[PDB]
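Undergrad: What follows is a structure written as structure tokens; I'll ask about it next.
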Amino acid sequence: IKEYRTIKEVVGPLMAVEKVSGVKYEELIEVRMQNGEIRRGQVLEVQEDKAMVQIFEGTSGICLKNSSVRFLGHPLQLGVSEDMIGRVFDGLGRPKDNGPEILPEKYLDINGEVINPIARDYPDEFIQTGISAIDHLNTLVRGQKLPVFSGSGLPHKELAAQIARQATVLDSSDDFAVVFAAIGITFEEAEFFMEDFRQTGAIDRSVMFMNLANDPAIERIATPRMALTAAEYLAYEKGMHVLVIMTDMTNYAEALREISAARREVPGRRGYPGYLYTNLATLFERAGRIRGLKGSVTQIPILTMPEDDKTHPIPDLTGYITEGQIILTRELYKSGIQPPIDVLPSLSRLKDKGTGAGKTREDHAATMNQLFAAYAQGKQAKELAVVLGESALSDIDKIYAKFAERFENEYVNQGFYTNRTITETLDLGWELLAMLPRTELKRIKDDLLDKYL
Amino acid sequence: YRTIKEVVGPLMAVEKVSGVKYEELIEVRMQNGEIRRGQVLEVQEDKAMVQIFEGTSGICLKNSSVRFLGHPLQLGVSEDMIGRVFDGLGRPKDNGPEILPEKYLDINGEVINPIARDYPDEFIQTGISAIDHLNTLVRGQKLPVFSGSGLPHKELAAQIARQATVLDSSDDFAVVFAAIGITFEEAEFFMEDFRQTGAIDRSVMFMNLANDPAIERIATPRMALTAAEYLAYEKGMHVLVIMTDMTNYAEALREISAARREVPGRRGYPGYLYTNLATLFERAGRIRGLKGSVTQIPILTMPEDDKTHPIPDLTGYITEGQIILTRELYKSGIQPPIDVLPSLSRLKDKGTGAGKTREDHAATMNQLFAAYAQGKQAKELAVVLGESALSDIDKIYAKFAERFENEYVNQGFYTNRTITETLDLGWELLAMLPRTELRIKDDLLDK
Amino acid sequence: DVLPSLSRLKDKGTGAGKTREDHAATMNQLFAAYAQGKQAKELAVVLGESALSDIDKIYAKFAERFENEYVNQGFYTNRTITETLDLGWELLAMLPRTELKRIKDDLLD
Amino acid sequence: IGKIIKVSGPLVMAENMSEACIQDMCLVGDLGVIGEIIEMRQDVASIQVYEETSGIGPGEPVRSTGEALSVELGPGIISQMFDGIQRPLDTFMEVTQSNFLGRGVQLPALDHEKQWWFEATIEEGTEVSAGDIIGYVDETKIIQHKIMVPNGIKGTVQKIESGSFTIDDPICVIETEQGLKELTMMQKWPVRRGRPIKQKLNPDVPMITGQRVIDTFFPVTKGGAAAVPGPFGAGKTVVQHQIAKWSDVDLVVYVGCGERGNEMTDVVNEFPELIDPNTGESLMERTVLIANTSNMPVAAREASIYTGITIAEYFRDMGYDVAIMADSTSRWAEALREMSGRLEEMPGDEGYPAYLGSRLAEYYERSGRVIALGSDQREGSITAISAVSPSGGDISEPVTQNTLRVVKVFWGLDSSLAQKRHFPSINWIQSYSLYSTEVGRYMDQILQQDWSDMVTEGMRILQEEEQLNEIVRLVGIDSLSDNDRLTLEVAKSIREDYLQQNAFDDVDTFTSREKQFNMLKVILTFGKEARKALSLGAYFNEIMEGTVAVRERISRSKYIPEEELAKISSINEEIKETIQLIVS
Amino acid sequence: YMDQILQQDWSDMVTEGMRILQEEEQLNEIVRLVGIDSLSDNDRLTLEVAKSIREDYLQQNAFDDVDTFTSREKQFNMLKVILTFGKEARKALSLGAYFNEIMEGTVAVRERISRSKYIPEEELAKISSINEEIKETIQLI
Amino acid sequence: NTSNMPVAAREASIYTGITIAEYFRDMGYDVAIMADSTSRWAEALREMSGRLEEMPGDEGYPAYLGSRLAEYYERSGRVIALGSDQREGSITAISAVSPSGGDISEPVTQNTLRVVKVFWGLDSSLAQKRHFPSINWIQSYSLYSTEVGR
């Protein structure tokens with residue numbers, strides 16, 4: 001603990017302090033105003049005889065001679081508690097609830113340590129959370145990154161709220177962990193989650209982290225890493241399967257560009273940090289399974305696509321980092337179909353691994369393939385109906401068009417408040433696939449087709 | 001000072017200086033005895049940074065002598081200054097011996113009080129039907145005119161001053177026209193037109209060639225405004241102001257800002273261009289307790305023909321009402337080439353109304369704009385496909401659009417139309433449309 | 001490609017004169033016909049042959065033969081200067097002799 | 001005092017400025033023009049001045065205010081007009097003796113010399129906590145000013161007294177840990193920093209502006225944020241006037257800069273003309289007004305909203321509902337973009353700062369329903385309405401988009417509807433309100449009738465018209481089924497009556513909550529009645545004929561006085577009776 | 001200034017000639033949506049006139065000695081000839097004549113118009129026929 | 001080298017991978033080195049050029065980025081080994097440069113395409129159709145096609 005009461009220079013959000021020793025990279029700094037106010041700070045770099053620190057709250061209303069800068073000698077860390085579940089904390093890590101003060105056995109760096117490629121194990125399960133269709137078209141995988149694409153006016157928040165409550169593990173309900181990470185959301189938007197989680201009672205089983213748009217950008221950047229550090233603890237130490245969900249990833253990306261802009265760093269393509277992939281790599285790459293360790297860490301980062309464009313850095317970069325595709329479309333939402341998700345542009349990788357592959361259903365793997373092919377053809381048949389007279393389409397093609405619509409009415413939306421088990425999912429899939437002649441469903445095996453109609 | 005630390009391009013450095021002020025002009029004497037003046041954009045503790053308007057050619061620092069004059073750029077304000085043409089700085093190009101004996105005045109002036117200012121109330125004829133029915137101009141209201149490169153912005157500028165008279169004021173409109181960064185041929189037209197009309201003797205004129213210094217160029221608006229203010233605030237005379245080209249001012253500002261090695265704002269323009277632009281266009285409108293009234297008509301050339309350029313974009317916020325010229329309408333050989341749809345005047349409703357204007361003025365504007373806007377939709381849509389694809393109603397609308405643009409939109413620069421002729425002509429072209437399809441209930445009155 | 005590439009000094013090099021007295025004149029027709037032929041070929045795809053003019057199709061067919069034989073002679077293939085002119089003349093002479101006004105009537109004889 | 005080391009253009013750095021904190025206002029030169037300091041050497045400070053720096057040189061004296069840009073809160077603050085930096089304009093003219101604004105002239109935000117009668121409610125020796133109210137002063141007849149304990153001070157008041165004192169004199173002396181503390185009436189708090197609250201609550205209480213479309217189609221909850229388009233002719237000013245005068249809130253704050261001299265002057269003159277119906281006094285008396293031209297200092301224009309919001313906070317902390325209307329927010333952001341270029345920061349999107357969204361958050365987040373400080377735990381809520389005018393023509397402006405995200409209410413002004421003289425000129429299809437579902441519960445409970453069914457059904461008819469409008473262009477209206485033909489007619493009625501509202505007529509311009517229900521019901525009653533009559537028996541034409549008398553009364557039903565509320569609800573009897581009469 | 005040399009205004013020929021070029025550009029976008037063959041006989045004639053203008057005007061070859069230099073007198077003769085075809089052929093349409101029937105058989109007379117820039121500037125007569133030849137050829141139908 | 005591993009190490013990974021392959025290639029054994037993703041290597045250089053405050057040529061990458069690529073790609077090939085034996089080993093390198101938004105406009109793709117004689121081009125729409133290899137036959141080009149036929 002080293003405190004310096006002299007500051008050499010203060011320019012913008014950055015303060016330079018002379019005659020300082022023992023500084024380190026990414027070492028948090030603490031500055032108390034002359035009035036007594038305290039502001040957290042981050043040092044990029046310690047040159048000899050010089051200290052340069054970035055303040056999250058800002059340098060507004062700071063006097064150099066009067067101010068005192070104290071070092072704390074560690075990177076940003078979150079005290080982790082086993083009983084942390086059922087409690088909600090800010091980006092800084094202090095519970096907004098002001099419930100009983102948290103008692104952390106240990107403190108560890110938010111960045112955490114990268115998992116060894118050899119020591120890493122392949123994901124082997126699927127929570128079958130939320131919508132049946134989402135899961136059948138593509139299966140969520142334990143310890144697998146899951147990129148959800150969202151847009152303004154799209155009900156992305158309802159989905160995140162739905163998935164959490166809907167998410168469950170079939171083998172055991174004893175050790176299931178859910179982590180709702182909130183980023184750059186309004187107080188009212190933030191309260192929706194807090195209320196939805198409390199009303200459903202699924203909040204006690206899920207540690208919550210809330211970020212406000214008014215909070216310092218660095219505080220908004222730190223939250224994703226803190227939610228993961230807590231999630232890692234539960235999976236790696238408690239042995240509980242942990243599910244982490246992040247919303248409004250654009251705000252994280254937009255908060256990072258703000259901090260980069262203030263640092264006068266070169267903006268990459270489209271005004272985003274050129275190394276955003278690498279920065280977005282760490283937190284996304286955290287999710288996975290470790291050999292010899294019980295449980296797994298499933299991540300479902302949700303980001304808002306701007307101008308409904310897939311080529312934006314965040315949606316594009318995330319696609320490379322995350323594993324799979326989850327895309328929403330305005331047209332399906334305009335239909336009022338909730339949850340509005342488009343299956344064509346959205347494919348989870350690996351869908352097949354590890355769900356089921358055949359664990360979900362005997363013919364589940366085969367069923368999804370025939371279903372997608374029929375839909376993809378149904379959409380083409382519907383499009384042809386727009387170009388030419390609807391009567392022009394062949395009779396057999398008209399069934400496909402009818403299938404595509406009937407697929408969308410039940411399969412595309414099961415409501416924001418309704419859950420469907422795996423079995424119910426597929427019974428619906430088979431009933432909906434029943435329209436097409438048995439000879440039409442060529443992809444599917446004969447034994448499976450006979451058993452299910 | 002005769003002591004010059006460094007001389008680099010138009011800029012110069014002076015050391016051991018004391019009591020030097022910002023924007024304080026400087027007087028430079030060459031070795032051969034030649035005299036040149038400059039304005040200081042920055043002064044160090046031990047050094048002074050000046051830029052010479054005339055240029056640094058043939059100057060030797062150890063030999064050359066500079067001299068502080070001890071005051072910011074100022075204009076000698078006189079009442080007989082009217083009918084006299086000066087340079088950007090105030091030096092008479094006509095070399096006429098005015099010999100004005102009145103006091104001096106700073107060009108920067110002072111910001112007008114928001115609460116003290118009086119709304120434009122009296123309507124002004126602009127001399128154009130497309131400027132009065134399409135948009136409405138009131139006394140003491142800034143009127144921005146945007147014109148792409150090669151468009152006839154010059155004719156319209158001179159057009160207004162000669163044909164714009166105050167209504168019911170019973171006083172001839174005294175105008176201060178400042179020419180900024182314009183070609184000689186464009187400069188000679190303004191002077192020839194004013195002299196030929198004989199209305200030059202009622203207007204004050206400041207001229208600035210393209211070869212004229214950048215700092216001088218930037219000074220011309222401030223100096224021209226000081227005259228306009230002195231006439232309105234002190235003389236009490238009705239004052240109109242027309243300045244062109246505003247593009248040159250913005251482009252000039254970049255040169256000085258780049259000379260100061262400052263960081264260029266977005267699009268290469270000054271980051272604080274807004275405030276600087278505001279101030280020049282801020283000093284407009286009537287002042288409470290003052291008989292004088294100031295009308296500003298800024299004219300700028302749109303770079304790259306983009307509405308989103310800072311100049312047109314920033315001017316749109318500061319100034320009120322839009323005036324927009326399209327190339328297609330000028331290309332048609334129709335003149336004025338401005339398009340009525342894009343450019344809308346905001347304070348127009350005040351001037352419009354019984355007495356000052358025709359009461360049915362508002363009703364006819366809605367009818368023209370609605371009927372003509374659909375005429376454009378017809379033209380673009382009907383042009384692509386031939387033939388008879390358009391509806392029966394659309395064809396009449398398309399015909400209205402052409403007559404509007406051929407007869408109403410342009411009246412010629414030399415032609416002048418009264419407010420009655422404008423509204424009377426509007427009825428005849430508007431009357432083609434069916435009586436049912438509208439519009440005021442008392443439509444039978446006009447026709 | 002032939003359209004985006006035009007030599008600046010081709011006129012000084014050629015003589016009328018040697019090597020080719022018709023080189024200058026023959027160049028114009030080929031370049032003009034190919035531009036016309038390329039436009040006809042592009043128009044034909046969008047609207048078929050039915051929408052394309054009969055005269056345009058002849059240029060479109062000629063524009064293709066340019067690409068097949070004339071535009072390209074092969075990487076290892078060698079053409080003589082005299083053979084070059086003949087192969088050129090034949091391609092636009094397939095059209096009616098009267099249809100091309102660029103070259104003098106005595107020359108085509 | 002710091003000597004001016006160097007001075008070029010708008011940048012100024014002065015020596016011996018170590019004591020001055022960052023972001024502190026300062027007086028530069030003999031003139032002492034107001035400047036802002038973002039940087040220190042130390043000790044040389046990189047101050048920034050908005051006023052022209054002409055006639056300033058090396059050696060000039062500089063004074064530091066010793067505090068960041070803050071708002072002077074205290075008696076007499078209301079009913080007066082101040083700039084974005086809160087320096088008064090009316091007080092300026094008297095002191096300057098000149099209309100034109102004078103450089104290097106500083107005027108007290110609040111008049112210290114003016115004496116306001118103090119009535120101390122609290123007793124002597126009572127415990128003081130932050131946010132506590134020692135007594136009340138009345139600077140305006142409409143609004144009773146209240147005095148809260150200054151932040152950061154806690155103790156026991158040995159003496160309390162109610163007398164006539166100027167704001168500078170200490171009215172009472174409260175003990176503290178450091179020692180005896182004397183707190184003046186006047187309160188100073190940084191404009192940029194948000195005010196302290198004990199807790200933040202979800203606003204589930206709908207606000208009534210007296211406008212049918214707003215209260216039914218897009219209701220704004222307390223402390224809610226609404227964004228409105230700025231195309232001219234939209235009657236936005238009229239809409240803004242109607243909100244302010246018919247607002248339930250006791251205070252209506254008007255901020256934003258800088259409106260054009262002819263554009264801004266109108267407000268300073270027209271806004272005072274407004275008279276609050278209930279109070280019978282000038283609308284100016286209830287709330288402060290901030291008016292800046294575009295000539296005004298960039299910070300004054302850039303920190304206007306932060307100044308305006310802070311004033312609303314103080315009165316909000318008093319537990320009173322406030323409403324701050326800023327026009328235009330795009331102008332404010334335009335001043336921010338300019339400041340960005342001056343600071344030489346890296347450009348973001350459309351020349352705006354990359355942290356523009358963060359700036360919008362702070363201002364918009366402070367608005368809402370929150371529990372105020374003090375043992376009383378009283379609560380005030382500031383409902384902020386912001387008007388954006390990008391002039392880009394693009395709906396994708398960074399200001400609009402970043403604002404639309406944080407705000408849960410979208411209002412849409414269309415020039416097309418304005419040209420049709422449709423008042424209020426708000427586009428229901430282009431406007432969306434996320435609050436509308438939350439507002440439903442509050443309405444249903446209060447109305448004792450299900451208001452949500454009516455509102456949700458109202459949209460379907462309006463939404464159906466848009467779908468049907470495309471069909472009308474393709475095929476004649478007569479070709480469409482009588483069922484489809486009814487929707488057009490039913491939609492028209494909502495538009496003609498519920499949508500079209502004259503802002504000039506008192507009874508028309510302001511509609512009580514109970515009356516909005518009856519007006520909608522009689523239109524909705526027609527739908528179910530006509531549809532049942534339309535499906536079987538009578539043709540569409542037959543149902544329209546003979547219904548002129550009843551429909552005409554429905555059309556003019558909005559003109560019915562609020563007192564005679566039952567008279568307008570009598571339409572259901574006639575409509576029901578008319579349907580029976582059609583069948584023969 | 002030019003209208004003060006030949007008794008014929010340059011504006012009339014220049015403005016009217018410019019109109020054909022301006023109408024052509026707008027007509028081109030129309031010919032993209034629908035077949036070029038299917039167009040108004042009036043509008044179709046404009047394309048031929050606009051094309052003829054390009055073939056006679058701005059079709060000069062800097063390489064050719066006779067084409068590289070055009071006298072001011074020759075410009076009026078050429079411009080009038082090209083412009084005359086439009087007006088004279090325009091008059092035929094007003095009579096109700098099909099655009100086709102006026103176009104064929106005029107190859108012989110059009111070809112002198114196209115090469116009207118190749119004839120010696122001093123000799124002219126490029127072409128006195130065309131001034132009178134067009135009328136006879138058009139008046140035939 | 002996981003993406004969460006050091007960004008600078010990505011550059012070293014490429015050089016180490018090609019060096020290992022070349023030692024065995026020198027043995028006269030046919031080697032095939034596939035490095036995914038080679039585009040991430042280029043991003044590692046951007047991070048460094050920017051922090052050195054050095055000038056980037058295009059797309060924020062080092063102006064000499066194409067040189068690094070060319071030199072690394074150049075090493076790969078069929079060469080005669082050292083020694084009297086003069087054995088011969090051929091190294092076939094498969095590198096996938098993923099461009100931003102699936103756009104060939106990426107500086108890495110263009111710089112890497114000129115040196116390589118074989119081009120494989122995957123299509124998003126074909127990938128969205130869920131069928132692979134999603135390589136577009138028309139778009140992609142192969143110079144060796146004329147040296148594979150005989």
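By order of appearance in the structure tokens: chains A, B, ..., then residues from 1 within every chain, and ligands from 1 in the order shown.
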Pick out the residues sitting within 9 Å of residue 405 in chain B, and hand them over as a PyMOL selection string; count only C-alpha atoms, and ignore anything fewer than 6 positions along from it in its own chain.

TA: chain B and resi 329+334+337+339

Undergrad: Can you build me a table of chain A residues sitting at most 7 Å from chain F, with the closest atom pair per residue and its distance in Å to one decimal, using only C-alpha atoms, sorted by chain and residue number, as a tab-separated table?

TA:
```
residue	atom	partner	partner_atom	distance
A:114	CA	F:4	CA	6.5
A:266	CA	F:50	CA	6.8
A:268	CA	F:60	CA	6.5
A:275	CA	F:47	CA	6.6
A:278	CA	F:3	CA	6.3
A:281	CA	F:4	CA	5.7
A:282	CA	F:4	CA	4.5
A:285	CA	F:4	CA	6.7
A:311	CA	F:101	CA	4.5
A:316	CA	F:101	CA	6.1
A:344	CA	F:128	CA	6.6
A:345	CA	F:128	CA	6.0
```

Undergrad: Kindly provide, as an mmCIF file with C-alpha atoms, in the first residue's frame, the residues of chain C having any atom no farther than 12 Å from an atom of chain E, counting only C-alpha atoms.

TA:
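Saved as iface-v5.cif:
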```cif
data_model
loop_
_atom_site.group_PDB
_atom_site.id
_atom_site.type_symbol
_atom_site.label_atom_id
_atom_site.label_comp_id
_atom_site.auth_asym_id
_atom_site.auth_seq_id
_atom_site.Cartn_x
_atom_site.Cartn_y
_atom_site.Cartn_z
ATOM 1 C CA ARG C 8 -1.270 7.037 -77.170
ATOM 2 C CA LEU C 9 1.426 6.835 -79.839
ATOM 3 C CA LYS C 10 -0.208 4.212 -82.065
ATOM 4 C CA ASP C 11 -0.780 6.900 -84.713
ATOM 5 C CA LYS C 12 2.895 7.871 -84.997
ATOM 6 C CA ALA C 24 -5.622 3.374 -88.488
ATOM 7 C CA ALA C 25 -8.988 3.014 -90.224
ATOM 8 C CA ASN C 28 -11.677 2.519 -85.403
ATOM 9 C CA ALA C 40 -25.647 -5.718 -77.721
ATOM 10 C CA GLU C 42 -25.129 -7.267 -72.565
ATOM 11 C CA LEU C 43 -28.575 -6.180 -73.747
ATOM 12 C CA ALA C 44 -29.335 -9.649 -75.106
ATOM 13 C CA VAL C 46 -31.201 -9.077 -69.896
ATOM 14 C CA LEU C 47 -34.000 -9.057 -72.474
ATOM 15 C CA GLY C 48 -33.164 -12.108 -74.582
ATOM 16 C CA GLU C 49 -32.752 -11.900 -78.347
ATOM 17 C CA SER C 50 -36.382 -10.908 -78.909
ATOM 18 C CA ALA C 51 -35.834 -7.471 -77.368
ATOM 19 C CA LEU C 52 -32.478 -7.009 -79.095
ATOM 20 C CA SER C 53 -32.416 -5.358 -82.521
ATOM 21 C CA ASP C 54 -31.528 -7.452 -85.571
ATOM 22 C CA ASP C 56 -27.373 -5.300 -82.829
ATOM 23 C CA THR C 98 -22.011 -1.226 -97.052
ATOM 24 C CA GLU C 99 -22.728 -1.469 -93.324
ATOM 25 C CA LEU C 100 -19.275 -0.167 -92.373
ATOM 26 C CA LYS C 101 -18.696 3.425 -93.494
ATOM 27 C CA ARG C 102 -15.376 3.876 -91.681
#
```

Undergrad: So what do you get for CA of residue 226 in chain D versus CA of residue 405 in chain D, distance-wise?

TA: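 Distance between the two atoms: 10.9 Å.
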
Undergrad: Please identify all polymer residues within 10 Å of residue 396 in chain B, counting only C-alpha atoms, omitting same-chain residues fewer than 5 positions from it, and present them as an MDAnalysis selection string.

TA: chainID B and resid 371 375 378 391 401 432:434

Undergrad: So the first atom is CA of residue 338 in chain B and the second is CA of residue 326 in chain B; what is the distance between them in Å, to one decimal place?

TA: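 Spanning CA of residue 338 in chain B to CA of residue 326 in chain B is a straight-line distance of 5.5 Å.
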
Undergrad: With 9 Å as the limit and counting only C-alpha atoms, what residues in chain B lie close to chain E? Please list them as a PyMOL selection string.

TA: chain B and resi 331-333+382-387

Undergrad: Quick one: pull the distance between CA of residue 104 in chain C and CA of residue 19 in chain C, Å, one decimal.

TA: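 Atom-to-atom, CA of residue 104 in chain C and CA of residue 19 in chain C are spaced 18.2 Å apart.
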
Undergrad: Hey, list the chain A side of the contact with chain D: 6 Å cut-off, only C-alpha atoms, answer as JSON, numbers by chain.

TA: {"A": [9, 10, 11, 60, 61, 62, 63, 213, 214, 258, 261]}

Undergrad: DSSP on the backbone: what in range 163-412 of chain A comes out strand (DSSP E or B), as a tab-separated table (two decimals) with N, CA and C atoms, in the first residue's frame?

TA:
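Wrote it out as result-v2.tsv, contents follow:
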```tsv
chain	number	residue	atom	x	y	z
A	176	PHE	N	-26.73	-26.63	-10.39
A	176	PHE	CA	-26.88	-25.85	-11.62
A	176	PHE	C	-26.70	-24.37	-11.34
A	177	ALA	N	-25.76	-23.75	-12.05
A	177	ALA	CA	-25.45	-22.34	-11.85
A	177	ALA	C	-25.79	-21.52	-13.09
A	178	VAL	N	-26.45	-20.39	-12.87
A	178	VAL	CA	-26.75	-19.45	-13.94
A	178	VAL	C	-26.20	-18.07	-13.58
A	179	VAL	N	-25.54	-17.43	-14.54
A	179	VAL	CA	-24.98	-16.10	-14.30
A	179	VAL	C	-25.52	-15.09	-15.30
A	180	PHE	N	-26.40	-14.22	-14.83
A	180	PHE	CA	-26.92	-13.15	-15.68
A	180	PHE	C	-26.03	-11.92	-15.59
A	181	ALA	N	-25.28	-11.66	-16.65
A	181	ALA	CA	-24.44	-10.47	-16.73
A	181	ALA	C	-25.16	-9.39	-17.52
A	182	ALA	N	-25.38	-8.24	-16.88
A	182	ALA	CA	-26.05	-7.12	-17.53
A	182	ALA	C	-25.04	-6.03	-17.88
A	185	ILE	N	-27.32	-1.26	-19.68
A	185	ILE	CA	-28.77	-1.21	-19.77
A	185	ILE	C	-29.35	-0.16	-18.83
A	206	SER	N	-29.15	-18.03	-9.36
A	206	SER	CA	-28.35	-17.31	-10.35
A	206	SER	C	-27.75	-16.02	-9.81
A	207	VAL	N	-26.42	-15.96	-9.75
A	207	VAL	CA	-25.73	-14.73	-9.38
A	207	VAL	C	-25.94	-13.68	-10.46
A	208	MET	N	-26.24	-12.45	-10.05
A	208	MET	CA	-26.53	-11.39	-11.01
A	208	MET	C	-25.53	-10.24	-10.93
A	209	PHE	N	-25.14	-9.74	-12.09
A	209	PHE	CA	-24.29	-8.56	-12.19
A	209	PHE	C	-24.98	-7.50	-13.04
A	212	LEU	N	-25.09	-0.19	-15.37
A	212	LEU	CA	-25.90	0.92	-15.85
A	212	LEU	C	-25.15	1.68	-16.94
A	241	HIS	N	-22.45	-26.69	-12.95
A	241	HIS	CA	-22.55	-26.22	-14.33
A	241	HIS	C	-23.04	-24.78	-14.35
A	242	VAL	N	-22.24	-23.89	-14.93
A	242	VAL	CA	-22.55	-22.47	-14.92
A	242	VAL	C	-22.93	-21.94	-16.30
A	243	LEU	N	-24.04	-21.22	-16.37
A	243	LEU	CA	-24.48	-20.58	-17.61
A	243	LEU	C	-24.38	-19.07	-17.49
A	244	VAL	N	-23.60	-18.45	-18.38
A	244	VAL	CA	-23.39	-17.01	-18.33
A	244	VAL	C	-24.03	-16.33	-19.54
A	245	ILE	N	-24.83	-15.30	-19.27
A	245	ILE	CA	-25.50	-14.56	-20.34
A	245	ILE	C	-25.17	-13.08	-20.27
A	246	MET	N	-24.76	-12.52	-21.41
A	246	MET	CA	-24.45	-11.10	-21.51
A	246	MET	C	-25.33	-10.42	-22.54
A	247	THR	N	-25.86	-9.25	-22.19
A	247	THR	CA	-26.76	-8.51	-23.07
A	247	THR	C	-26.19	-7.14	-23.43
A	267	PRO	N	-8.15	4.05	-34.06
A	267	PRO	CA	-9.40	3.32	-34.27
A	267	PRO	C	-9.29	2.35	-35.44
A	273	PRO	N	-11.99	-0.73	-32.06
A	273	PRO	CA	-10.60	-1.16	-31.84
A	273	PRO	C	-10.21	-2.30	-32.79
A	289	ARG	N	-14.84	-26.81	-21.14
A	289	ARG	CA	-14.80	-27.91	-20.18
A	289	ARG	C	-13.36	-28.32	-19.89
A	290	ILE	N	-13.05	-28.53	-18.61
A	290	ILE	CA	-11.71	-28.93	-18.20
A	290	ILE	C	-11.67	-30.38	-17.76
A	297	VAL	N	-18.89	-24.48	-18.38
A	297	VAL	CA	-19.26	-23.07	-18.47
A	297	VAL	C	-19.82	-22.70	-19.84
A	298	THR	N	-21.13	-22.49	-19.90
A	298	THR	CA	-21.79	-22.13	-21.15
A	298	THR	C	-22.00	-20.62	-21.25
A	299	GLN	N	-21.52	-20.03	-22.34
A	299	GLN	CA	-21.67	-18.59	-22.56
A	299	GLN	C	-22.60	-18.28	-23.73
A	300	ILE	N	-23.51	-17.34	-23.51
A	300	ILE	CA	-24.41	-16.90	-24.57
A	300	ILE	C	-24.40	-15.38	-24.68
A	301	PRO	N	-23.29	-14.82	-25.21
A	301	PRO	CA	-23.15	-13.38	-25.40
A	301	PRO	C	-24.18	-12.83	-26.39
A	302	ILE	N	-24.94	-11.82	-25.97
A	302	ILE	CA	-25.95	-11.22	-26.83
A	302	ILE	C	-25.55	-9.81	-27.25
A	303	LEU	N	-25.57	-9.56	-28.55
A	303	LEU	CA	-25.14	-8.27	-29.09
A	303	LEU	C	-26.20	-7.68	-30.02
A	304	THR	N	-26.31	-6.35	-30.01
A	304	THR	CA	-27.29	-5.67	-30.84
A	304	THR	C	-26.70	-5.24	-32.18
A	326	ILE	N	-26.65	-17.34	-34.06
A	326	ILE	CA	-28.02	-17.08	-33.63
A	326	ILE	C	-28.47	-15.73	-34.17
A	327	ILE	N	-29.36	-15.75	-35.14
A	327	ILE	CA	-29.77	-14.53	-35.82
A	327	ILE	C	-31.27	-14.27	-35.69
A	342	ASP	N	-34.63	-16.42	-36.71
A	342	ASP	CA	-34.52	-17.00	-38.04
A	342	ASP	C	-33.50	-18.12	-38.03
```

Undergrad: As JSON, numbers by chain, please: the residues near residue 58 in chain C (cut-off 10 Å, only C-alpha atoms, same-chain neighbours under 6 positions excluded).

TA: {"C": [33, 37, 40, 41, 64, 92, 94, 95]}

Undergrad: Using DSSP on the backbone coordinates, identify the residues of range 178-220 of chain D assigned to helix (DSSP H, G or I); present them as a PDB file with C-alpha atoms, in the first residue's frame.

TA:
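Result file is result_38.pdb:
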```pdb
ATOM      1  CA  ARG D 212     -55.558  12.333 -26.201  1.00  0.00           C
ATOM      2  CA  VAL D 213     -52.951  10.774 -28.499  1.00  0.00           C
ATOM      3  CA  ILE D 214     -50.187  11.253 -25.943  1.00  0.00           C
ATOM      4  CA  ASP D 215     -52.118   9.927 -22.951  1.00  0.00           C
ATOM      5  CA  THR D 216     -53.698   7.004 -24.808  1.00  0.00           C
ATOM      6  CA  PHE D 217     -51.526   6.237 -27.844  1.00  0.00           C
TER       7      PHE D 217
END
```
